[PDB]
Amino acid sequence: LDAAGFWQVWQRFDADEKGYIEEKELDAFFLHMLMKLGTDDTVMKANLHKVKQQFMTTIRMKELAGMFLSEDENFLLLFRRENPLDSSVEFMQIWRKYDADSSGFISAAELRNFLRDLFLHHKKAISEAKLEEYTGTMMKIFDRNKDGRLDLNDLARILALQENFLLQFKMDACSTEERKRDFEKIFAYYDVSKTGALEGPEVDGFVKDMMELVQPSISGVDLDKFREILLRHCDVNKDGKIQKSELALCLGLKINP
């Protein structure tokens, strides 16, 4: 049993990643899973029993992953699930890092590099053969249109990227103090390097979050396209960065910082 096979089984019950299944799905889950391991009708009721028991003696994905997968394949499915990426800026630093040819998509070879570094980071030596196998499994799990490359949103799901930070802000918070508070929250979030201007991946993350307020999840090529457009709109000094004072004026902030 590999992560992809477990994932395909998990799909029947949790297609949109609640992260769990329900207690009367459980038996049908073991059934279907046990069916997947190629199990005989003669051994079914016992294996089901033993399995149910082990679990009872121990419904979220981590629990079913530990039973049916190796520690390296659990890692693949849960390395971020326990530690989701909180910042879209950090996300785009990773994206830029691994989209080394700037094609706007993560190819199989770039995914392999991502995973090599990932395993080294968690101080885990895996063979070259498993590196290849895992790249293939990850691709299969996360390549939605099976076209052989990973899109922006696909890496986002691999990294368990949290909700768009911008979605917390509301139309009716319209007072000057409300808008100033929210503007400061926003700029603190994107200006990770605390330079007073959004640069490189800080722009990226802001562009992604802004465009996804009004469009379905955007592609890597569209990001670069919208980044240019946003800069042509708001980059008053034309230095390739968004100074706070430029973002503030472009968002209608009453008092320019």
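A residue's number is simply how far along the shown sequence it sits, counting from 1.
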item: Size class of the missing deposited segment between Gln215 and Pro216; value: none
item: Residue stretch of maximal mean CA temperature factor, 145 to 153 vs 176 to 184; value: 145 to 153
item: Comparing 133 to 141 with 74 to 82, the one whose average Cα B-factor in the PDB entry is higher; value: 74 to 82
item: Largest Cα B-factor, entry values, listed residues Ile229, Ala197, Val207, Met44; value: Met44
item: Selection by C-alpha B-factor (highest) of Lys244, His233, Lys18, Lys238; value: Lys18
item: Ranked C-alpha temperature factor of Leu223 among modelled chain residues, by third; value: middle
item: Among modelled residues of the same chain, the CA temperature factor third for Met56; value: highest
item: Modelled-residue ranking by C-alpha temperature factor, third containing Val192; value: middle
